[PDB]
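J.: So I pulled this structure from the PDB, and the sequence comes with it:
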Amino acid sequence: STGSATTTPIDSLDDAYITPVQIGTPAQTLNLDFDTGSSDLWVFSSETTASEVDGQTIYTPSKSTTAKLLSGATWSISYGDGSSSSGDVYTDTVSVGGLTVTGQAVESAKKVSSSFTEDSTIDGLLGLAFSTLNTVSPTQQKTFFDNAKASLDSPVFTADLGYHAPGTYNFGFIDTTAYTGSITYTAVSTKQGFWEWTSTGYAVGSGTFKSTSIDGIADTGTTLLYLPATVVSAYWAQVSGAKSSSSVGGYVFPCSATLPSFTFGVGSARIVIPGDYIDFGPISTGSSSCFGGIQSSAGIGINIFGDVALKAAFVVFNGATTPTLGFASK
């Protein structure tokens, strides 16, 4: 089997991407944030505290003839941005882009933190990291991909995120028309539960490539590119007037600037992030200070190849017995 679903930016900055997901019978379609940095499929629901729902579409398990309470199971998750959610668990039929999993754990939120309530466009998350990170207790549950894997034509999924445009998540096949050149594959460590890999270096603009190992995670659920402070300083030094602002929370730059590209290495291959992709717009409405899309990972404890980086590539998440990642230009 295969599946193929379009993923759509939630706003004009590509802050996140939503993908329609069919849950239950008859289907209830919710727009979920596919997150290769976490491993829970959780949804706003008829059980979510009413004051914490503000415009999201909810899953109502009592209206699904295939829903079953997973008795005794609870979940609770905290994300790297400080947000969180928790609740109980149902199993139900879940379909993405025509690919159906029966008996998928659907984690129903009883509580969500304010950042989720305040974002009416995201109805929940669909985790695509390794199932060792799933938070369901006392019986850990498998991700949608883990449940689907054995049925797929090939044990892979691909992320093809658009810049200011829709893109595609495919399951079970590589679309050889979706990228240019060849796909370069690189080793993955699953020891922390992430799609963790080592970039071979970077360049700023038209500058020389610096060969240096940068361990980090491929994380579709993180907006920005978080790299070591040395790398980030080297980038922003090429933007007149850019500076790190402790009050804003990162590097800012004059909105009048033209940003240089940023290149990262994948083996001997190179992925170029155009300068435009690094502009996250005014820090507040009407400001002439703009927020940068490359930020320091110091204090986060891991480097994160978030959407800024991933949307410059066609990315293969190869879930074979020994997982690997692939990157191609597009």
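T.: Everything's here; your move. Residues are numbered from 1 along each chain as shown.
J.: Tally up the residues packed near residue 49, please.
T.: Around residue 49 there are 12 other residues, counting by other Cβ atoms under 10 Å. For the C-beta atoms, the positions are set from N, CA and C on the backbone; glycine is no exception.
J.: show me what contacts it?
T.: Shown in contact with residue 49 (Cβ atoms under 8 Å, 6 or more residues apart in numbering): 110-112.
J.: From the residues you listed, list just the buried residues.
T.: 110, 112 (16 or more other Cβ atoms under 10 Å).
J.: Identify, from the contacts of residue 49, the entry nearest to residue 291.
T.: Closest approach to residue 291 among the contacts of residue 49 (Cβ to Cβ): residue 112, at 24.8 Å.
J.: Touching, that closest one and residue 44? I think so.
T.: Yes: contact criterion Cβ atoms under 8 Å: residue 112 and residue 44 qualify, at 7.1 Å.
J.: Next, the spatially most central residue of the chain: secondary structure please.
T.: Note on the chain: the residue nearest the mean C-alpha position is residue 220, at 1.8 Å, using Cα atoms, centre = their mean. Residue 220 falls in the coil class when you classify it by DSSP: H, G, I helix; E, B strand; the rest coil.
J.: thinking again about what came up before, need the contacts of residue 49 in TSV (columns: distance to residue 25 and secondary structure).
T.: Formatted as TSV, the contacts of residue 49 follow (distance: Cβ to Cβ, whole Å; DSSP: H, G, I helix; E, B strand; the rest coil):
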residue	distance to residue 25	secondary structure
110	23	strand
111	27	strand
112	25	strand
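J.: Need the contacts of residue 49 in CSV (columns: distance to residue 159).
T.: Output for the contacts of residue 49, formatted as CSV (distance: Cβ to Cβ, whole Å):
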residue, distance to residue 159
110, 30
111, 29
112, 25
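J.: for the contacts of residue 49, which one is nearest residue 296?
T.: Nearest to residue 296 among the contacts of residue 49, counting by Cβ to Cβ, is residue 112 at 28.2 Å.
J.: ok, so what distance separates the residue nearest to the residue nearest to the centre of the chain when sequence neighbours are not counted from residue 316?
T.: Of all residues not flanking residue 220 in the chain, residue 36 sits nearest, at 4.5 Å (Cβ to Cβ, 6 or more residues apart in numbering). The gap separating residue 36 from residue 316 is 12 Å, by Cβ to Cβ, to the nearest Å.
J.: next one: residue 235
T.: Here the criterion is Cβ to Cβ. By it, residue 235 lies 26 Å from residue 316.
J.: Could you give the backbone dihedrals for residue 180?
T.: Residue 180 adopts backbone torsions of phi -100, psi 160, taken as degrees, to the nearest 10.
J.: Which residues are in contact with it?
T.: Neighbour list for residue 180: 328-330 [criterion: Cβ under 8 Å, 6+ apart].
J.: ok, 10 Å please
T.: Applying Cβ atoms under 10 Å, 6 or more residues apart in numbering to residue 180 gives the contacts 314, 328-330.
J.: Tell me which two of these sit farthest apart.
T.: Pairwise distances among the contacts of residue 180 were taken by Cβ to Cβ; the largest, 7.6 Å, belongs to 314 and 329.
J.: between those two, which one's more packed in?
T.: Counted by other Cβ under 10 Å, residue 314 and residue 329 do not tie: residue 314 has more neighbours, with 27 against 17.
J.: number of nearby residues for the residue nearest to that one when sequence neighbours are not counted?
T.: Closest residue to residue 314 apart from its sequence neighbours, by Cβ to Cβ, 6+ apart: residue 179 at 3.7 Å. Applying other Cβ under 10 Å, we find 20 residues neighbouring residue 179.
J.: dump the residue contacts of residue 179.
T.: By Cβ under 10 Å, 6+ apart, the residues touching residue 179 are 158, 160, 313-316, 326-330.
J.: Next, it: secondary structure please.
T.: What three-state DSSP gives for residue 179 is coil.
J.: how close does it sit to residue 34?
T.: Taking Cβ to Cβ, one finds residue 179 at 19 Å from residue 34.
J.: what's the answer for residue 137, then?
T.: Distance, residue 137 to residue 34, by Cβ to Cβ: 24 Å.
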